[PDB]
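Here is the structure we will look at, set down as structure tokens.
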Amino acid sequence: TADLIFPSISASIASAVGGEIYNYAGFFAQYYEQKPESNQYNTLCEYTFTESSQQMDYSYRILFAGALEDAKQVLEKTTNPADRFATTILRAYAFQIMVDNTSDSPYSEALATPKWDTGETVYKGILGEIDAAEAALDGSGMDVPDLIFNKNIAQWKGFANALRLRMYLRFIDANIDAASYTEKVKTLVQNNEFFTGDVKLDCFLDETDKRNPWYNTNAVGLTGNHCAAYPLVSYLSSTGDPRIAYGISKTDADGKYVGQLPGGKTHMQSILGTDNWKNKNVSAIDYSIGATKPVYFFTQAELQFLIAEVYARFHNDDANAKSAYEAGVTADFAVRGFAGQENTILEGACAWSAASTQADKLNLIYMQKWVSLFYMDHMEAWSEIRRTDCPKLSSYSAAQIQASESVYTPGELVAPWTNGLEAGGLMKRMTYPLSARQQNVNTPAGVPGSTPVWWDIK
Ligand SMILES: [Ca+2]
């Protein structure tokens with residue numbers, strides 16, 4: 036029955052987007068890095084994983100054999116338009132995740153050997169689906185058990201509108217129907233019919249098979265492999281940001297906040313000596329907050345930063361851009377347990393008044409969005425980095441920065457010191473699932489990780 040199936044959709048999405056995908060995207064967003072004394076995530080850190088590494092095979096199966104199949108069954112089993120609306124929104128989000136990883140995705144033929157549609161085709165289709173499902177709402181309430189919004193239809197509408205905001209911006213910055221999507225995005229923000237709170241699955245317990253999936257994999261089935269990465273530490277330390285203490289531990293060697301250069305683990309050991317670059321010399325990622333931590337689909341902070349971006353870029357409305365910016369920073373301060381301390385940066389290093397040009401203001405928005413997605417929604421962080429290209433890629437190599445840290449601009453990304461990409465640069469996509477290669481001859485030919493997804497054109 037639909038009631039028994041519908042909860043599995045978001046559970047399955049959460050397992051992927053909050054677990055395996057969240058994990059590798061945090062390396063690509065340069066929040067964290069491989070602890071010196073272990074090797075579990077070397078190939079993610081150094082961009083040396085390949086299609087055979089199967090880095091997203093589990094997530095692909097749980098998204099398509101799990102979440103999307105469950106959504107198909109709900110849509111077959113209920114006429115309740117509000118339930119169909121929520122289901123269609125989750126279905127759209129699953130496709131959005133997949134497209135943001137491999138660009139192409141099974142869609143028109145999904146759910152044998154389906155063809156993989158182009159990501160632009162998928163974005164267009166799922167947006168049309170949300171539109172149609174919304175228009176079919178008749179005012180009656182939901183019937184399915186809804187751990188995300190407790191059957192609150194206005195919230196599901198807000199989620200749909202936030203996903204529209206996210207995806208319209210990607211058309212705009214892909215220069216695809218940019219004029220049209222700009223008008224749609226301006227209207228969306230003017231209507232201000234977004235969600236309150238965060239969009240999250242929040243039922244995780246510190247018990248066997250009930251923990252947050254990222255915590256479960258990395259702190260229970262593994263010993264902790266994550267240390268903080270140099271860009272995040274540098275930026276939080278530079279901006280005097282008290283959120284440096286949330287999810288990041290001071291070094292045991294000296295009680296300092298220390299981030300490892302991306303892909304730089306083996307080089308630190310080489311340059312400094314292996315005995316002088318141990319786990320105690322770098323900031324651990326703190327797993328103690330993770331066991332019961334929700335899985336995020338859409339944070340309020342991100343939503344506000346996207347609204348701020350729209351006001352700054354398309355309305356030329358500085359006052360509403362500042363309000364949404366500060367709202368975003370304020371919300372993230374609250375979620376991390378620092379409510380009321382947001383002025384430490386809103387009246388300090390990251391004050392809107394201190395930014396003069398639109399570029400300076402957009403940098404604030406983009407940098408503060410990136411901070412807010414750390415330990416919340418890494419997949420989205422990696423996507424927003426790819427779309428906006430902010431934080432900017434440092435002009436200096438990891439070795440140059442290690443040799444003379446004064447050249448570095450805190451918060452800029454750093455191409456991994458060891459970098460398996462033949463072209464160098466940042467990771468632009470994930471490989472096609474190996475299971476798809478083995479079972480579906482229509483799976484697009486593999487391309488290097490430097491080949492961008494369709495909406496990433498610069
Ligand atoms: Ca880009």
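Numbering (the UniProt record's numbering), first residue to last: 36 to 146, 152 to 498.
C-beta atoms are modelled at their ideal positions from N, C-alpha and C, and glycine is treated no differently.
Residue 386 and residue 375 closer than 8 angstroms at C-beta
Not in contact: residue 386 and residue 375 (Cβ atoms no closer than 8 angstroms).
So within the stretch 452-489, which uninterrupted alpha helix (DSSP H) runs reach at least 4 residues, ignoring any that extend past its ends?
If we require 4 residues or more, the alpha helix (DSSP H) runs fully inside the stretch 452-489 come out as 474-479.
List, from N- to C-terminal side, the beta strand (DSSP E) runs of 3 residues or more that fit wholly inside the stretch 374-438.
Counting whole runs of 3 or more residues, the stretch 374-438 contains no beta strand (DSSP E) stretch at all.
Kindly list the residues whose CB is nearer than 7 angstroms to the CB of residue 282, restricted to its own chain and excluding five residues on each side of it in sequence; keep chain order.
Cβ neighbours of residue 282 within its own chain (closer than 7 angstroms, five residues either side excluded): 378, 381 and 384.
Is residue 496 near ligand 1, with its Cβ less than 7 angstroms from a heavy atom?
Residue 496: yes, Cβ under 7 angstroms from ligand 1.
Fully enclosed by the stretch 293-331, which alpha helix (DSSP H) runs are 4 residues long or longer?
Here the runs fully enclosed are 305-312.
Taking C-alpha atoms, which residue in 332, 311, 338 and 305 lies nearest to residue 323?
Among 332, 311, 338 and 305, the Cα nearest to that of residue 323 is on 305.
Hey, would you say residue 133 sits closer than 8 angstroms to residue 140, going by beta carbons?
Here residue 133 is near residue 140, since their CB atoms are less than 8 angstroms apart.
May I have the straight-line CA-CA distance separating residue 415 from residue 226, to the nearest angstrom?
Answer to the nearest angstrom: the Cα atoms are 30 angstroms apart.
Could you check whether residue 203 and residue 121 sit closer than 8 angstroms to each other, using their CB atoms as the reference points?
The beta carbons of residue 121 and residue 203 sit no closer together than 8 angstroms.
Ordered along the chain, which non-local residues of its own chain (more than five positions away) have a Cβ less than 6 angstroms from that of residue 348?
Sequence-distant partners of residue 348 (beyond 5 residues in either direction) whose C-beta falls short of 6 angstroms from its own C-beta, in its chain, are 361, 364, 365 and 405.
Are there any heavy atoms of ligand 1 lying less than 7 angstroms away from the beta-carbon of residue 204, as far as the coordinates show?
No, the Cβ of residue 204 stays beyond 7 angstroms of every heavy atom of ligand 1.
Nearest-angstrom Cβ-Cβ length linking residue 150 and residue 456, presumed shorter than 8 angstroms:
Regarding the residue in question, residue 150 is not represented: the chain runs 146 and then 152, omitting everything in between.
If we call anything under 8 angstroms between Cβ atoms a contact, is residue 102 one with residue 188?
In this structure, residue 188 does not lie closer than 8 angstroms to residue 102 by Cβ.
Rounded to the nearest angstrom, how far is the Cβ of residue 117 from that of residue 165, given a contact under 8 angstroms?
Incorrect: roughly 21 angstroms between the Cβ atoms, too far for contact.
Nearest to residue 277 (by Cα), restricted to the options 329, 244 and 411:
Nearest of 329, 244 and 411 to residue 277, Cα basis: 411.
Specify the secondary structure class of residue 495 as computed by DSSP and reduced to three states.
Coil at residue 495, not helix or strand.
Along the chain, where does the beta strand (DSSP E) containing residue 262 start, and where does it finish?
No beta strand (DSSP E) holds residue 262; DSSP gives it neither H nor E.
For residue 125 and residue 44, what's the separation of their Cα atoms in angstroms?
The alpha-carbon atoms of residue 125 and residue 44 are separated by roughly 7 angstroms.
Can you round the beta-carbon distance between residue 150 and residue 402 to whole angstroms, since I take them to be within the 8 angstroms contact cut?
No atoms are given for residue 150, which sits in the stretch of the chain between 146 and 152 that the model skips.
Who are the near neighbours of residue 367 in its chain, counting only those whose CB is closer than 7 angstroms to its CB and skipping five residues on each side?
The residues are 344.
Residue 125 in three-state terms, based on DSSP
Looking at residue 125 - three-state DSSP - the assignment turns out to be helix.
Residues in the same chain with beta-carbon distance under 7 angstroms from residue 158, minus the five sequence neighbours each way, listed in chain order, please.
Exclusion of the five residues before and after residue 158 leaves 139 and 494 as the residues of its chain whose Cβ lies within less than 7 angstroms of its Cβ.
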